[PDB]
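Student: Submitted below is the structure of interest, expressed as C-alpha coordinates.
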(Lines of atoms letter the chains of each structure in order from A and count residues from 1; the text may use other names and numbers.)
(Lines give C-alpha, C1' and ligand atoms only; values in the text may rest on other atoms or scores of the structure.)
Protein backbone atom coordinates (compact mmCIF):
# COMPACT_ATOMS: atom_id res chain seq x y z
CA UNK A 1 0.00 0.00 0.00
CA UNK A 2 2.93 2.38 -0.58
CA UNK A 3 4.09 4.26 -3.63
CA UNK A 4 7.57 4.15 -5.07
CA UNK A 5 8.12 7.38 -6.96
CA UNK A 6 11.25 7.57 -9.08
CA UNK A 7 12.61 10.64 -10.69
CA UNK A 8 14.89 10.34 -13.66
CA UNK A 9 16.62 13.14 -15.51
CA UNK A 10 17.13 14.24 -19.09
CA UNK A 11 20.79 15.19 -18.65
CA UNK A 12 22.21 11.86 -17.49
CA UNK A 13 22.19 10.91 -21.15
CA UNK A 14 24.90 13.48 -21.87
CA UNK A 15 27.07 11.71 -19.35
CA UNK A 16 29.80 9.40 -20.46
CA UNK A 17 29.64 5.64 -20.28
CA UNK A 18 28.96 3.92 -18.17
CA UNK A 19 27.03 6.71 -16.52
CA UNK A 20 25.01 7.27 -19.68
CA UNK A 21 21.34 6.84 -18.84
CA UNK A 22 18.29 7.00 -21.16
CA UNK A 23 14.68 6.02 -20.53
CA UNK A 24 15.50 2.71 -22.22
CA UNK A 25 17.41 1.92 -19.04
CA UNK A 26 14.26 1.89 -16.99
CA UNK A 27 12.78 -1.19 -15.45
CA UNK A 28 9.04 -0.76 -15.84
CA UNK A 29 8.33 -2.79 -12.68
CA UNK A 30 10.86 -1.09 -10.41
CA UNK A 31 8.96 1.96 -9.27
CA UNK A 32 5.21 2.57 -9.12
CA UNK A 33 5.58 6.07 -10.54
CA UNK A 34 8.23 7.63 -12.75
CA UNK A 35 8.90 11.29 -13.18
CA UNK A 36 10.73 12.94 -16.02
CA UNK A 37 12.88 15.90 -15.07
CA UNK A 38 12.31 18.42 -16.34
CA UNK A 39 10.04 20.11 -18.77
CA UNK A 40 10.10 23.79 -19.40
CA UNK A 41 7.99 26.70 -20.60
CA UNK A 42 7.96 28.87 -23.72
CA UNK A 43 5.24 31.25 -24.70
CA UNK A 44 3.19 30.22 -21.67
CA UNK A 45 3.11 26.71 -22.96
CA UNK A 46 4.70 23.56 -21.67
CA UNK A 47 7.54 22.24 -23.78
CA UNK A 48 10.33 19.68 -23.43
CA UNK A 49 13.92 20.56 -24.34
CA UNK A 50 15.63 17.29 -25.01
CA UNK A 51 17.24 16.09 -28.20
CA UNK A 52 15.89 12.68 -27.25
CA UNK A 53 12.32 13.95 -26.88
CA UNK A 54 10.60 11.69 -29.40
CA UNK A 55 12.51 8.64 -28.20
CA UNK A 56 11.19 9.43 -24.74
CA UNK A 57 7.60 9.11 -25.93
CA UNK A 58 8.52 5.79 -27.51
CA UNK A 59 9.83 4.47 -24.25
CA UNK A 60 7.02 5.90 -22.26
CA UNK A 61 4.47 3.98 -24.30
CA UNK A 62 6.56 0.85 -24.43
CA UNK A 63 7.06 1.05 -20.68
CA UNK A 64 3.36 1.51 -20.01
CA UNK A 65 2.27 -1.29 -22.31
CA UNK A 66 4.50 -3.57 -20.23
CA UNK A 67 3.27 -2.34 -16.90
CA UNK A 68 -0.35 -1.24 -17.09
CA UNK A 69 -0.15 -0.24 -13.45
CA UNK A 70 2.71 2.13 -14.11
CA UNK A 71 2.21 5.85 -13.74
CA UNK A 72 4.53 8.31 -15.36
CA UNK A 73 4.48 12.00 -14.64
CA UNK A 74 6.09 15.01 -16.24
CA UNK A 75 7.86 17.29 -13.86
CA UNK A 76 8.28 20.98 -14.45
CA UNK A 77 10.71 23.18 -12.56
CA UNK A 78 13.88 22.00 -10.92
CA UNK A 79 16.80 23.80 -9.43
CA UNK A 80 18.10 25.49 -12.62
CA UNK A 81 14.66 26.63 -13.65
CA UNK A 82 14.19 28.50 -10.40
CA UNK A 83 11.33 30.98 -10.10
CA UNK A 84 12.28 33.06 -13.14
CA UNK A 85 11.27 30.19 -15.39
CA UNK A 86 7.76 30.62 -14.14
CA UNK A 87 7.59 34.20 -15.33
CA UNK A 88 5.73 35.59 -16.80
CA UNK A 89 3.44 32.59 -17.05
CA UNK A 90 2.15 33.06 -13.52
CA UNK A 91 1.33 36.78 -13.84
CA UNK A 92 -2.19 36.42 -15.29
CA UNK A 93 -5.26 34.23 -15.00
CA UNK A 94 -5.17 34.50 -18.80
CA UNK A 95 -1.51 33.52 -19.03
CA UNK A 96 -1.92 30.77 -16.45
CA UNK A 97 -4.98 29.41 -18.17
CA UNK A 98 -3.20 29.20 -21.50
CA UNK A 99 -0.48 27.30 -19.70
CA UNK A 100 -2.74 24.92 -17.91
CA UNK A 101 -4.64 24.18 -21.04
CA UNK A 102 -1.39 23.21 -22.75
CA UNK A 103 -0.43 20.92 -19.91
CA UNK A 104 -3.64 19.01 -20.15
CA UNK A 105 -3.30 18.67 -23.89
CA UNK A 106 0.38 17.75 -23.68
CA UNK A 107 0.09 15.07 -21.04
CA UNK A 108 -2.85 13.48 -22.75
CA UNK A 109 -1.15 13.61 -26.12
CA UNK A 110 1.96 11.97 -24.80
CA UNK A 111 0.54 9.37 -22.47
CA UNK A 112 1.59 10.99 -19.22
CA UNK A 113 -0.49 10.30 -16.16
CA UNK A 114 -0.03 13.54 -14.26
CA UNK A 115 2.13 16.54 -13.57
CA UNK A 116 4.72 17.23 -10.91
CA UNK A 117 5.51 20.78 -10.11
CA UNK A 118 8.94 21.14 -8.62
CA UNK A 119 9.17 24.88 -7.99
CA UNK A 120 12.53 25.38 -6.36
CA UNK A 121 11.57 27.31 -4.40
CA UNK A 122 8.64 29.66 -4.18
CA UNK A 123 9.85 31.20 -0.94
CA UNK A 124 8.31 34.40 0.41
CA UNK A 125 8.01 36.11 -2.95
CA UNK A 126 6.09 33.47 -4.94
CA UNK A 127 4.20 31.79 -2.17
CA UNK A 128 1.10 33.28 -3.72
CA UNK A 129 1.61 32.40 -7.43
CA UNK A 130 2.61 28.89 -6.50
CA UNK A 131 -0.53 28.50 -4.45
CA UNK A 132 -2.74 29.87 -7.19
CA UNK A 133 -0.99 27.83 -9.84
CA UNK A 134 -1.48 24.66 -7.96
CA UNK A 135 -5.05 25.47 -7.10
CA UNK A 136 -5.98 26.43 -10.64
CA UNK A 137 -4.21 23.29 -11.74
CA UNK A 138 -6.14 20.92 -9.51
CA UNK A 139 -9.44 22.58 -10.44
CA UNK A 140 -8.75 22.25 -14.12
CA UNK A 141 -7.67 18.67 -13.73
CA UNK A 142 -10.99 17.99 -12.01
CA UNK A 143 -13.03 19.60 -14.76
CA UNK A 144 -11.11 17.64 -17.38
CA UNK A 145 -11.91 14.55 -15.34
CA UNK A 146 -15.67 15.11 -15.20
CA UNK A 147 -15.85 15.36 -19.01
CA UNK A 148 -13.49 12.44 -19.68
CA UNK A 149 -13.40 8.66 -19.83
CA UNK A 150 -9.73 8.71 -18.85
CA UNK A 151 -8.24 8.56 -15.40
CA UNK A 152 -7.85 11.84 -13.65
CA UNK A 153 -4.60 13.66 -14.18
CA UNK A 154 -2.45 13.59 -11.13
CA UNK A 155 -0.91 16.59 -9.61
CA UNK A 156 1.99 16.44 -7.25
CA UNK A 157 4.77 18.73 -6.28
CA UNK A 158 8.35 18.39 -5.15
CA UNK A 159 8.68 20.50 -2.02
CA UNK A 160 11.28 21.69 0.42
CA UNK A 161 12.19 19.95 3.60
CA UNK A 162 13.64 23.03 5.30
CA UNK A 163 11.42 24.54 7.99
CA UNK A 164 11.99 28.16 7.12
CA UNK A 165 11.51 27.59 3.42
CA UNK A 166 8.42 25.54 4.19
CA UNK A 167 6.89 28.27 6.33
CA UNK A 168 7.88 30.86 3.76
CA UNK A 169 6.65 29.03 0.67
CA UNK A 170 3.52 26.99 1.23
CA UNK A 171 -0.06 27.26 2.28
CA UNK A 172 0.11 23.64 3.35
CA UNK A 173 -3.51 23.47 4.42
CA UNK A 174 -4.69 24.23 0.86
CA UNK A 175 -1.79 22.33 -0.60
CA UNK A 176 -3.16 19.25 1.07
CA UNK A 177 -6.43 19.49 -0.90
CA UNK A 178 -5.04 20.35 -4.31
CA UNK A 179 -2.20 17.79 -4.40
CA UNK A 180 -2.60 14.09 -4.81
CA UNK A 181 0.60 13.94 -2.81
CA UNK A 182 3.91 15.61 -2.25
CA UNK A 183 7.39 14.53 -3.14
CA UNK A 184 9.35 15.65 -0.12
CA UNK A 185 12.83 16.69 -1.13
CA UNK A 186 14.24 15.42 2.14
CA UNK A 187 17.92 15.47 1.21
CA UNK A 188 20.63 17.97 0.39
CA UNK A 189 20.57 19.05 3.97
CA UNK A 190 24.35 19.34 4.06
CA UNK A 191 26.78 19.90 1.23
CA UNK A 192 29.93 21.90 0.49
CA UNK A 193 27.98 25.16 0.23
CA UNK A 194 27.68 25.48 4.00
CA UNK A 195 29.47 28.21 6.03
CA UNK A 196 31.34 27.49 8.00
CA UNK A 197 32.68 24.58 6.04
CA UNK A 198 32.49 21.35 7.97
CA UNK A 199 31.43 17.81 7.19
CA UNK A 200 27.76 17.00 7.50
CA UNK A 201 25.51 14.35 6.08
CA UNK A 202 23.48 14.88 2.93
CA UNK A 203 20.40 13.13 4.22
CA UNK A 204 20.30 12.18 7.86
CA UNK A 205 17.30 10.34 9.20
CA UNK A 206 17.48 11.95 12.61
CA UNK A 207 19.34 14.71 14.37
CA UNK A 208 22.88 14.40 15.64
CA UNK A 209 23.12 14.77 19.42
CA UNK A 210 24.83 18.11 19.02
CA UNK A 211 22.28 19.44 16.55
CA UNK A 212 20.91 22.09 18.89
CA UNK A 213 18.50 24.90 18.18
CA UNK A 214 17.93 25.49 14.48
CA UNK A 215 20.13 22.64 13.22
CA UNK A 216 17.87 20.11 14.91
CA UNK A 217 15.51 20.78 12.05
CA UNK A 218 17.53 19.30 9.23
CA UNK A 219 16.96 15.61 9.20
CA UNK A 220 14.39 13.49 7.43
CA UNK A 221 12.53 12.78 10.68
CA UNK A 222 12.04 16.42 11.44
CA UNK A 223 10.97 17.32 7.90
CA UNK A 224 8.22 14.72 7.76
CA UNK A 225 6.84 15.58 11.18
CA UNK A 226 6.64 19.23 10.26
CA UNK A 227 4.69 18.74 7.03
CA UNK A 228 2.34 16.71 9.24
CA UNK A 229 2.23 19.27 12.00
CA UNK A 230 1.53 21.88 9.35
CA UNK A 231 -1.53 20.11 7.96
CA UNK A 232 -0.52 17.51 5.38
CA UNK A 233 -1.92 14.05 6.04
CA UNK A 234 0.62 11.29 6.38
CA UNK A 235 -0.62 9.21 3.45
CA UNK A 236 0.17 12.23 1.23
CA UNK A 237 3.81 12.44 2.15
CA UNK A 238 6.02 10.53 -0.22
CA UNK A 239 9.39 10.67 1.49
CA UNK A 240 12.50 11.57 -0.49
CA UNK A 241 15.53 9.33 -0.41
CA UNK A 242 18.74 10.12 -2.35
CA UNK A 243 20.91 7.86 -4.47
CA UNK A 244 23.92 10.16 -4.27
CA UNK A 245 26.20 11.50 -1.55
CA UNK A 246 28.11 14.63 -0.73
CA UNK A 247 31.82 14.85 -0.76
CA UNK A 248 34.24 16.87 1.30
CA UNK A 249 37.95 17.47 1.20
CA UNK A 250 39.16 17.20 4.77
CA UNK A 251 41.14 20.16 6.19
CA UNK A 252 42.61 18.33 9.20
CA UNK A 253 42.97 14.64 10.08
CA UNK A 254 39.71 14.79 12.02
CA UNK A 255 37.45 12.27 10.28
CA UNK A 256 34.21 12.90 12.17
CA UNK A 257 31.03 14.83 11.68
CA UNK A 258 31.78 18.49 12.21
CA UNK A 259 35.43 18.23 11.19
CA UNK A 260 36.85 21.05 9.02
CA UNK A 261 36.88 20.87 5.24
CA UNK A 262 39.09 22.46 2.58
CA UNK A 263 36.18 22.32 0.16
CA UNK A 264 34.13 19.82 -1.76
CA UNK A 265 35.63 16.42 -2.39
CA UNK A 266 37.16 15.47 -5.68
CA UNK A 267 34.63 15.28 -8.50
CA UNK A 268 33.80 11.73 -9.53
CA UNK A 269 35.07 10.25 -12.75
CA UNK A 270 31.68 10.14 -14.39
CA UNK A 271 29.61 12.75 -12.64
CA UNK A 272 32.38 15.30 -12.92
CA UNK A 273 30.83 17.52 -10.27
CA UNK A 274 32.65 18.75 -7.19
CA UNK A 275 31.27 17.44 -3.90
CA UNK A 276 28.82 15.05 -5.42
CA UNK A 277 28.90 11.31 -5.97
CA UNK A 278 26.58 8.89 -7.67
CA UNK A 279 26.15 5.64 -5.84
CA UNK A 280 27.83 3.88 -8.73
CA UNK A 281 30.80 6.15 -8.02
CA UNK A 282 30.44 5.55 -4.28
CA UNK A 283 30.79 1.77 -4.66
CA UNK A 284 34.26 2.24 -6.12
CA UNK A 285 35.22 4.83 -3.51
CA UNK A 286 34.21 2.49 -0.71
CA UNK A 287 36.85 0.14 -1.99
CA UNK A 288 39.54 0.54 0.63
CA UNK A 289 37.73 2.98 2.84
CA UNK A 290 36.47 3.24 6.36
CA UNK A 291 32.74 3.32 6.79
CA UNK A 292 31.02 4.50 9.89
CA UNK A 293 27.37 4.30 10.82
CA UNK A 294 26.03 7.29 12.73
CA UNK A 295 24.09 5.65 15.52
CA UNK A 296 22.24 8.91 16.25
CA UNK A 297 21.60 10.16 12.76
CA UNK A 298 21.17 6.66 11.31
CA UNK A 299 23.10 6.84 8.10
CA UNK A 300 26.64 6.11 7.09
CA UNK A 301 29.76 7.89 5.91
CA UNK A 302 33.05 6.79 4.54
CA UNK A 303 36.64 8.02 4.75
CA UNK A 304 39.41 7.39 2.33
CA UNK A 305 42.54 9.53 2.43
CA UNK A 306 41.29 13.09 2.85
CA UNK A 307 37.90 12.46 1.25
CA UNK A 308 34.76 12.32 3.34
CA UNK A 309 31.52 10.94 1.87
CA UNK A 310 28.13 11.08 3.50
CA UNK A 311 25.82 8.78 1.59
CA UNK A 312 22.88 6.39 1.82
CA UNK A 313 23.20 2.66 1.51
CA UNK A 314 21.06 -0.43 1.73
CA UNK A 315 20.86 -0.43 5.53
CA UNK A 316 19.97 3.19 5.12
CA UNK A 317 17.17 2.46 2.69
CA UNK A 318 15.61 -0.13 4.94
CA UNK A 319 16.00 1.93 8.04
CA UNK A 320 14.23 4.86 6.41
CA UNK A 321 11.60 2.59 4.91
CA UNK A 322 10.76 1.27 8.35
CA UNK A 323 10.49 4.83 9.60
CA UNK A 324 8.08 5.71 6.86
CA UNK A 325 5.87 2.67 7.50
CA UNK A 326 5.83 3.63 11.16
CA UNK A 327 4.41 7.05 10.39
CA UNK A 328 1.93 5.84 7.82
CA UNK A 329 3.35 7.87 4.99
CA UNK A 330 2.48 7.44 1.36
CA UNK A 331 5.74 5.82 0.30
CA UNK A 332 9.23 6.61 -0.91
CA UNK A 333 10.47 8.91 -3.58
CA UNK A 334 13.85 8.45 -5.17
CA UNK A 335 16.05 11.23 -6.44
CA UNK A 336 17.19 10.01 -8.83
CA UNK A 337 17.34 6.55 -10.34
CA UNK A 338 20.02 7.39 -12.84
CA UNK A 339 22.49 7.78 -9.91
CA UNK A 340 21.79 4.34 -8.52
CA UNK A 341 23.81 1.49 -9.91
CA UNK A 342 21.35 0.88 -12.75
CA UNK A 343 23.61 -1.20 -15.03
CA UNK A 344 24.47 -3.20 -11.91
CA UNK A 345 28.09 -3.59 -12.87
CA UNK A 346 29.75 -1.02 -10.61
CA UNK A 347 28.44 -2.31 -7.24
CA UNK A 348 27.88 -5.86 -8.52
CA UNK A 349 24.62 -6.31 -6.55
CA UNK A 350 22.28 -6.37 -9.51
CA UNK A 351 20.80 -3.36 -11.28
CA UNK A 352 19.34 -0.66 -9.04
CA UNK A 353 20.73 -2.08 -5.84
CA UNK A 354 19.40 0.73 -3.68
CA UNK A 355 15.96 1.04 -5.24
CA UNK A 356 15.41 -2.73 -5.17
CA UNK A 357 16.14 -2.49 -1.48
CA UNK A 358 13.53 0.25 -1.08
CA UNK A 359 11.12 -1.70 -3.27
CA UNK A 360 11.71 -4.90 -1.35
CA UNK A 361 11.53 -3.27 2.01
CA UNK A 362 8.29 -1.49 1.21
CA UNK A 363 6.60 -4.60 -0.07
CA UNK A 364 7.76 -6.83 2.74
CA UNK A 365 4.92 -7.42 5.10
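Going from the start of the chain as shown, residues are counted 1 onward.
The header says X-ray crystallography, 2.4 Å.
Note that Cβ sites are derived from N, Cα and C of the backbone, with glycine treated the same way.
Residues or ranges marked as disulfide bond in Swiss-Prot (evidence: sequence analysis): 6-31. Taken from Swiss-Prot, the feature N-linked glycosylation site covers 10. Among the features that Swiss-Prot reports, chitin binding site is placed at 50, 51, 77, 78, 79, 80, 121, 185, 186, 187, 188, 335.
Structural setting of the listed features?
Tutor: When other Cβ atoms within 10 Å of the Cβ of residue 6 (disulfide bond) are tallied across all protein chains shown, the result is 27.
The Cβ of residue 10 (N-linked glycosylation site) lies under 8 Å from the Cβ of 36, 37, 38, 48, 49, 50, 52, 56, each of these being in the same chain and 6 or more residues away along the sequence.
In this structure, residue 186 (chitin binding site) belongs to neither helix nor strand by DSSP; it is coil.
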Student: Spatial neighbours of residue 31 (disulfide bond) among the binding-site residues 77, 121, 186, 188, defined as Cα within 10 A: which are they?
Tutor: none
Student: How many whole Å apart are the CA atoms of residue 6 (disulfide bond) and residue 186 (chitin binding site)?
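Tutor: Rounded to the nearest whole number, the Cα-Cα distance is 14 Å.
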Student: For the binding-site residues listed here (50, 188), which one has the lowest count of neighbouring CB atoms within 10 Å of its own CB?
Tutor: 50
Student: Quick check on the binding-site residues: of 79, 121, whose CB has the lowest count of neighbouring CB atoms inside 10 Å?
Tutor: 79
Student: Just to confirm: which same-chain residues, 6+ apart in sequence, have a Cβ under 8 Å from the Cβ of residue 186 (chitin binding site)?
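Tutor: Looking at Cβ-Cβ distances below 8 Å from residue 186 (chitin binding site), excluding near sequence neighbours, one finds 161, 203, 220, 223, 224, 239, 240, 241.
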Student: Might you list, by sequence position, any residue in that chain lying six or more from residue 77 (chitin binding site) with a Cβ less than 8 Å away from its Cβ?
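Tutor: Counting only residues 6 or more apart in sequence, the Cβ neighbours of residue 77 (chitin binding site) under 8 Å are 38, 85, 86, 116, 117, 118, 119, 120, 158.
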Student: In whole Å, could you give the widest CA to CA gap in the chitin site formed by 50, 51, 77, 78, 79, 80, 121, 185, 186, 187, 188, 335?
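Tutor: The widest Cα-Cα gap among those binding residues is 30 Å.
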